[PDB]
Amino acid sequence: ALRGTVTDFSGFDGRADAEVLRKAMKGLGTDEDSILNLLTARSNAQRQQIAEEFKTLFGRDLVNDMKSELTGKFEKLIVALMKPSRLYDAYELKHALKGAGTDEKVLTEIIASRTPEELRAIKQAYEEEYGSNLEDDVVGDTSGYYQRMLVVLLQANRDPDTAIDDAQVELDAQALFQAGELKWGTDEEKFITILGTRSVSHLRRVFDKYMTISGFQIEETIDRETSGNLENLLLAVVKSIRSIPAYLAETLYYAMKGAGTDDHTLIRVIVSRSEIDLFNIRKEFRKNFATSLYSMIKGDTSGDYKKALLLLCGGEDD
Ligand SMILES: O=C(O)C1=C[C@H](O)[C@@H](OS(=O)(=O)O)[C@H](O[C@H]2[C@H](O)[C@@H](NS(=O)(=O)O)[C@@H](O[C@H]3[C@H](O)[C@@H](OS(=O)(=O)O)[C@H](O[C@H]4[C@H](O)[C@@H](NS(=O)(=O)O)[C@@H](O)O[C@@H]4COS(=O)(=O)O)O[C@H]3C(=O)O)O[C@@H]2COS(=O)(=O)O)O1
Ligand SMILES: O=C(O)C1=C[C@H](O)[C@@H](OS(=O)(=O)O)[C@H](O[C@H]2[C@H](O)[C@@H](NS(=O)(=O)O)[C@@H](O[C@H]3[C@H](O)[C@@H](OS(=O)(=O)O)[C@H](O[C@H]4[C@H](O)[C@@H](NS(=O)(=O)O)[C@@H](O)O[C@@H]4COS(=O)(=O)O)O[C@H]3C(=O)O)O[C@@H]2COS(=O)(=O)O)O1
Ligand SMILES: [Ca+2]
Ligand SMILES: [Ca+2]
Ligand SMILES: [Ca+2]
Ligand SMILES: [Ca+2]
Ligand SMILES: [Ca+2]
Ligand SMILES: [Ca+2]
Ligand SMILES: [Ca+2]
Ligand SMILES: [Ca+2]
Ligand SMILES: [Ca+2]
């Protein structure tokens, strides 16, 4: 079953919480410990409630006050923690599309790992919040098959899980084989239709059969046949089909990979999944990397930032 690491706090008193926060910031300096200890122990819904209580009591904006009092990565984490759950993905996508450049990894990460219901919710929130259509903006900042696959995924029309059809599994596996390894070049359109619209249960069967037929895992063929953002997107899609938790766990691993850390990604994953499947992510993480996610973060981060991340993540055993 899917499980997160953050849940509603029992005996929740938003008014009292707003007072704690006001006390942590009022006056010289800031009580960062008090702030993180509280917010990481409250669900996203409760945080929004605290924000309204804070404003009702003081006429001050909670998030604006924390941005004034805080700084660095700790601030970025607190700000993300404050973003309403329903708007967070839309927010990160908007951030990925701002300016002339484009943050492809974010578009790929979110669009490949969100369910059709989540994408429908995101598309709506995005347009309501920014006054523009998500698909349109994505199309505007992307090109080629990478763009097309993203558009297919944005339609949020992946087939639901229905009775498994053996002939169909064989048919699709063989089709991918002819579209890639057996073709001079690649029939990208076939990979996009099959990997982007077929059901999760169907594709899991297809991946197994594909290996049996070709001798290659679908991930290997993808690397052999494609490159650029298309390659990254197809891998993310395949990995999410196998296991969203596993994909995100791997996403975290390569974010604390080597000199320095990809904090933007580290924060987004921890925050976005904290109330969905961060627990599952932890398990898949421990199994695949022989170390708990906790240890990874602990040795890659520091300060209040580190403290907050560790409280949200949890599972120091694992
Ligand atoms: O009790 C739980 O453990 C549990 C309960 C919750 O409902 C759910 O958590 S939730 O937070 O999402 O609410 C979660 O459900 C598990 C489920 O218990 C697992 N069952 S087990 O594998 O037998 O142990 C499992 O179930 C899914 C299977 O993985 C999936 O197989 S495959 O796609 O990987 O090949 C299988 O899919 C069926 C599908 O349901 C059928 N639909 S139909 O309406 O009958 O047509 C149809 O499409 O066939 C496929 C394949 O059938 S076959 O496997 O018999 O050959 O069944 C799925 C399912 O029943 O949900 O995983 C879920 C989710 O796991 S997770 O931990 O939340 O990630 O845990
Ligand atoms: O004399 C005091 O009463 C007083 C002095 C000290 O500076 C400080 O006490 S201390 O013990 O902490 O050292 C405390 O500062 C008050 C400040 O006087 C208040 N100003 S008031 O609204 O006019 O009463 C208020 O300040 C906040 C206001 O939004 C604004 O202040 S002001 O210039 O209008 O007077 C200012 O807003 C900044 C914002 O903080 C910035 N944030 S960011 O980090 O850069 O992202 C940014 O958004 O710019 C705006 C606007 O700047 S502009 O004015 O130059 O255009 O600062 C706000 C703030 O400091 O939070 O509250 C503080 C703190 O009050 S508390 O009761 O201790 O919590 O009191
Ligand atoms: Ca202060
Ligand atoms: Ca301090
Ligand atoms: Ca700041
Ligand atoms: Ca852009
Ligand atoms: Ca780029
Ligand atoms: Ca080929
Ligand atoms: Ca081609
Ligand atoms: Ca390649
Ligand atoms: Ca590192």
### Query
Quick one: how many residues across the stretch 192-206 are more than 16 Å from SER113 (Cα to Cα) and in contact with a helix residue (DSSP H, G or I) (Cβ under 6 Å, 6 or more places away or on another chain)?
3
### Query
Which of the helices (runs of 4 or more DSSP H) contained wholly in the stretch 148-264 include at least 2 residues that are away from ligand 1 (no atom under 16 Å from the Cβ), under 30 Å from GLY299 (Cα atoms) and not assigned by CATH to the domain that holds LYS298?
228-242
### Query
How many residues are touching a helix residue (DSSP H, G or I) at 6+ places or on another chain (Cβ under 7 Å), of a type outside the set (A, V, I, L, M, F, W, C) and part of a helix (DSSP H, G or I) if we restrict to the stretch 294-305?
5
### Query
Among (1) within 21 Å of the chain's Cα centre (by Cα); (2) in contact (Cβ under 8 Å) with a residue 60 or more places away in the chain; (3) in a helix (DSSP H, G or I), where does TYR91 come up short?
(2)
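I want to confirm something. Restricting to the stretch 25-35 and keeping residues that are touching an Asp or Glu at 6+ places or on another chain (Cβ under 6 Å) and part of a helix (DSSP H, G or I), which single residue is nearest to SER10 (Cα to Cα)?
At the first step, the residues of the stretch 25-35 found to be touching an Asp or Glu at 6+ places or on another chain (Cβ under 6 Å) are 25, 30, 32.
Now narrow it down to the ones that are part of a helix (DSSP H, G or I): 25, 32.
Numbers: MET25: 25, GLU32: 23 Å.
For the stretch 25-35, the residue satisfying everything is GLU32.
The values are calculated or read from the model by the stated rules, or taken from the named source; these are not laboratory values. Don't worry about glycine lacking a Cβ; one is built from the backbone with ideal geometry, like all the others, and counts go over all protein chains shown.
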